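Peer 1: PDB entry and its sequence, pasted below:
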Amino acid sequence: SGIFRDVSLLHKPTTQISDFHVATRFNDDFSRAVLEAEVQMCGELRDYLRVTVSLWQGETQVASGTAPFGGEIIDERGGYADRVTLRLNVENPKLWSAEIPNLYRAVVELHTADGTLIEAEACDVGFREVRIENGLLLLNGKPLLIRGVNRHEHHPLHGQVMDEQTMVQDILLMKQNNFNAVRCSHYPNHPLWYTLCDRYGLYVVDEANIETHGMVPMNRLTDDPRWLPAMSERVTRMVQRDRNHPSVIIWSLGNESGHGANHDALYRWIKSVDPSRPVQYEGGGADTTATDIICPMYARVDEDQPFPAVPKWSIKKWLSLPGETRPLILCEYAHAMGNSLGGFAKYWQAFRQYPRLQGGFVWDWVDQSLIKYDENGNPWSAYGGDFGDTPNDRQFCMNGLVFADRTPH
Amino acid sequence: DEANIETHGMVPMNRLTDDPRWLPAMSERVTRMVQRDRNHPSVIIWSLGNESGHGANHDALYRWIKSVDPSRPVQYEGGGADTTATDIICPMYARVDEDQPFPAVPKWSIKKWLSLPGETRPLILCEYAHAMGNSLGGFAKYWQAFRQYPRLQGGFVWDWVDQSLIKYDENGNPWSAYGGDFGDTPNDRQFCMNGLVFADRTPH
Ligand SMILES: [K+]
Ligand SMILES: [K+]
Ligand SMILES: [K+]
Ligand SMILES: [K+]
Ligand SMILES: [Mg+2]
């Protein structure tokens, strides 16, 4: 517990940019794009106000649009007088992927018609399209093969406080070890993580901070409408924060919370507000109406595990169940606890052979061991129970491909 | 029940079945079969013939049967076993786990085939487990797959009975003969014997 991420003060004008959303849509061969930026303000509207959105490729301005406030009519009462949407044509855009993380810079200026800046906000923009078509997850029209890992935010001295050096260490080691993707198990991460993933190139599953695993049954809260409001803010406030990062390619509704009607409501809410990214969620059997991707945890390659209600089929068999058409990407597989990863090659051979097996996220990146000191002041790696915590789950906190200090297993 | 249409030795295999010249002759092979046999409850599927590539004549006759008799699926394996002229993915000699990625007409692993992007049909092999001589090695691998995968709905072994013929030696004693034993040439020798049973119905 505690105040474990940054604290800041931000001084904005009273007439201010209060939100902006950046979308990029493409023609059939990605030779042309439109960047559409919706910009919202708070404060006092004045007829001399304007917004300009400009797009930069390094030091060169490649596109720009300027308009006064006042959006299109949307219903019988008019439109948003406090919004405007800029549309920028971009010819032959450099496309973003984990392979080549090409980025542009978008600068959003709130200014006056005669040239005075009120304030500016900005983001890195990666031109890429994510869509599911004919059962395949496509990035810029090509089917992804996710070499993923789940990564919790953990440091053996600082607990759950993340810092730039440790983030960078982790991304370098991930890419050096042929990972291209990370799942934010199981919550939104420190804001710097997405900047780093945008710039170094990793595909990100951004996951709402909702896990109710110890309820019986697992969906007791997520099926209860009285919990829809609290759940809703965990999803909606994540999308409002992170929706402009190109590295985020998939939203997840949380983890191990069964499947309840609140899931279906929030699945639909994201699909409404952001059609640019698939939504996944594994709870309730991994192939429910709240997920665009079959996303099981620890389904095996050839062996079925036919549990009541929530079976984990062989991933090869799952793809072809009667009526099923979705891609399958394991949200967790290959549990790397202690001396493990036996069988890892069997997954990769299947992922290469079956178009719709589009990979998975290993569980997990780093052991959650914590440093304690003995009588002599010498450090040692501690696990569950070592702090007098009880009940505890002992060494199950260490499931990493690397030790807590980032040494490889 | 399968129409008497096979043009395997054409090059390419569909040279006649894509030729509207040959649409009349093929049409009567299909239509006169359905007119004869459509009251039999044992017929559950119609087939448009065998090893004749995939031609437009197949698509015309597929839809003729779908129109006249909605009570039975139509299948046909030619042209890669999963064309627009078949309601059932019906490959011949597709293997259980191993792909054979032939150009144009690949034989995928049957487990892979079911889940190719956009595919939803059942798969029943029109021919599998070629029982020539000392064979049926790997038979159990098919059955384990058929039982594990709902949409792998089985197959037809190739085939029931050896096509050996009886000849008589200089003493009048009978012996089983195969391709070329009648002075027939060119011939394909013992390939005519692929059965689970010998020609006299003794089991292999
Ligand atoms: K694949
Ligand atoms: K664990
Ligand atoms: K079956
Ligand atoms: K033969
Ligand atoms: Mg300017």
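Peer 2: Right, received. Where do you want to start? Numbers count the residues shown, from 1 in each chain, chains lettered A, B, ... in the order given. Ligands and ions are numbered 1, 2, ... in the order given.
Peer 1: okay, CA-based contacts and neighbour counts for the rest of this
Peer 2: Will do.
Peer 1: In contact with residue A:137, which residues?
Peer 2: Neighbouring residues of residue A:137 by Cα atoms under 8 Å, 6 or more residues apart in numbering or on different chains: A:130, A:131, A:143, A:144, A:327, A:358.
Peer 1: Please identify which of the residues you listed is nearest to ligand 2.
Peer 2: Nearest to ligand 2 out of these is residue A:358 (Cα to the ion; 24.3 Å).
Peer 1: is it true that the closest one lies in a strand?
Peer 2: Yes: counting by DSSP: H, G, I helix; E, B strand; the rest coil, residue A:358 falls inside a strand.
Peer 1: Could you measure from the residue of chain A found nearest ligand 1 over to residue B:113?
Peer 2: Taking Cα to the ion, ligand 1 has its nearest neighbour within chain A at residue A:355, 3.7 Å off. Counting by Cα to Cα, to the nearest Å, the gap from residue A:355 to residue B:113 is 10 Å.
Peer 1: for residue A:34, same thing?
Peer 2: According to Cα to Cα, residue A:34 and residue B:113 sit 38 Å apart.
Peer 1: Go ahead and confirm residue A:208 touches residue A:241.
Peer 2: No: proximity of residue A:208 to residue A:241 does not meet the contact threshold set by Cα atoms under 8 Å, at 11.5 Å.
Peer 1: Tell me which of the two has more neighbours.
Peer 2: In terms of neighbours (other Cα atoms under 10 Å in any protein chain shown), residue A:208 is the more surrounded of residue A:208 and residue A:241; the figures are 26 against 12.
Peer 1: contacting residues for the more buried one?
Peer 2: Contacts of residue A:208 (Cα under 8 Å, 6+ apart): A:186, A:187, A:188, A:234, A:235, A:238, A:251, A:252, A:253, A:254.
Peer 1: what's the answer for residue A:123, then?
Peer 2: Residues near residue A:123 by Cα under 8 Å, 6+ apart: A:105, A:106, A:107, A:244.
Peer 1: host element of it?
Peer 2: Using DSSP states H and E, the element containing residue A:123 is strand A:117-125.
Peer 1: what about residue A:139, how many neighbours?
Peer 2: Neighbourhood size, residue A:139 [other Cα under 10 Å]: 17.
Peer 1: ok, the closest residue to it other than its chain neighbours - contacts?
Peer 2: In this structure, residue A:139 finds its nearest non-sequential neighbour in residue A:130, 4.8 Å apart by Cα to Cα, 6 or more residues apart in numbering or on different chains. If a contact means Cα under 8 Å, 6+ apart, then residue A:130 has A:137, A:138, A:139, A:140, A:141, A:249, A:276, A:277, A:278 as its contacts.
Peer 1: and those, which of them are in strands?
Peer 2: Counted as lying in strands by DSSP state E, out of the contacts of residue A:130, are A:137, A:138, A:139, A:249.
Peer 1: those helices in the stretch 201-350 of chain A, which residues are they?
Peer 2: A:228-242, A:261-273, A:315-319, A:344-353 (DSSP state H, counting those that start in this stretch).
Peer 1: could those helices go into a markdown table alongside distance to ligand 4?
Peer 2: Shown next, in a markdown table, are the helices of the stretch 201-350 of chain A (distance: least, Cα to the ion, whole Å):
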| stretch | distance to ligand 4 |
| --- | --- |
| helix A:228-242 | 63 |
| helix A:261-273 | 56 |
| helix A:315-319 | 33 |
| helix A:344-353 | 31 |
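Peer 1: Can you tell me which of these is most buried?
Peer 2: Greatest average neighbour count among the helices of the stretch 201-350 of chain A goes to helix A:315-319 (a mean of 25), per mean count of other Cα atoms under 10 Å in any protein chain shown.
Peer 1: is residue A:109 in a bridge, and if so with what?
Peer 2: residue A:52, residue A:120 (DSSP bridges).
Peer 1: Can you give me the neighbour number for it?
Peer 2: There are 22 residues near residue A:109, going by other Cα under 10 Å.
Peer 1: ok, now which ones touch it?
Peer 2: For residue A:109, the contact set (Cα under 8 Å, 6+ apart) comprises A:51, A:52, A:53, A:117, A:118, A:119, A:120, A:121.
Peer 1: Over to residue A:232?
Peer 2: residue A:266.
Peer 1: And it, how far from ligand 3?
Peer 2: 42 Å (Cα to the ion, to the nearest Å).
Peer 1: Would you indicate which residues of the helix or strand following the strand holding residue A:123 are buried?
Peer 2: Next along the chain after strand A:117-125, taking DSSP H and E as the criterion, comes strand A:130-133. Residues of strand A:130-133 classed as buried: A:130, A:131, A:132 (neighbour count, 16 or more other Cα atoms under 10 Å in any protein chain shown).
Peer 1: ok, strand A:130-133: who's next to it in the sheet?
Peer 2: Strand A:130-133 has its sheet partners listed here by DSSP bridges as strand A:136-139 (antiparallel).
Peer 1: For residue A:409, which non-adjacent residue is closest in space?
Peer 2: Excluding its sequence neighbours, the residue lying closest to residue A:409 (Cα to Cα, 6+ apart) is residue A:402, at 5.1 Å.
Peer 1: Tell me what the one you found is bridged to.
Peer 2: Beta-bridge partners for residue A:402, by DSSP bridges, are residue A:366, residue A:408.
Peer 1: I'd like to know how many residues surround the residue of the stretch 1-150 of chain A found nearest ligand 3.
Peer 2: Across the stretch 1-150 of chain A, no residue is closer to ligand 3 than residue A:135, which sits at 22.0 Å (Cα to the ion). By the measure other Cα under 10 Å, the count of residues near residue A:135 is 23.
Peer 1: Surely it and residue A:324 touch.
Peer 2: No: applying Cα under 8 Å, one finds residue A:135 not in contact with residue A:324, separated by 9.1 Å.
Peer 1: Columns distance to ligand 3 on top of the contacts of residue A:137, output as TSV?
Peer 2: Compiled in TSV, the contacts of residue A:137 are given as follows (distance: Cα to the ion, whole Å):
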residue	distance to ligand 3
A:130	34
A:131	32
A:143	29
A:144	30
A:327	21
A:358	24
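Peer 1: ok, which of those residues also contact ligand 1?
Peer 2: By Cα under 5 Å from the ion, the members of the contacts of residue A:137 lying near ligand 1 are residue A:358.
Peer 1: Show residues contacting the helix or strand hosting residue A:88.
Peer 2: Assessed by DSSP H and E, residue A:88 sits inside strand A:83-91. For strand A:83-91, the surrounding residues in contact (Cα under 8 Å, 6+ apart) are A:31-41, A:51-53, A:62-71.
Peer 1: how about 6 Å then?
Peer 2: Residues from elsewhere that reach strand A:83-91 (Cα atoms under 6 Å, 6 or more residues apart in numbering or on different chains): A:32-40, A:65, A:69-71.
Peer 1: what does chain A have sitting close to ligand 2?
Peer 2: Counting by Cα under 5 Å from the ion, chain A comes close to ligand 2 at A:396, A:397.
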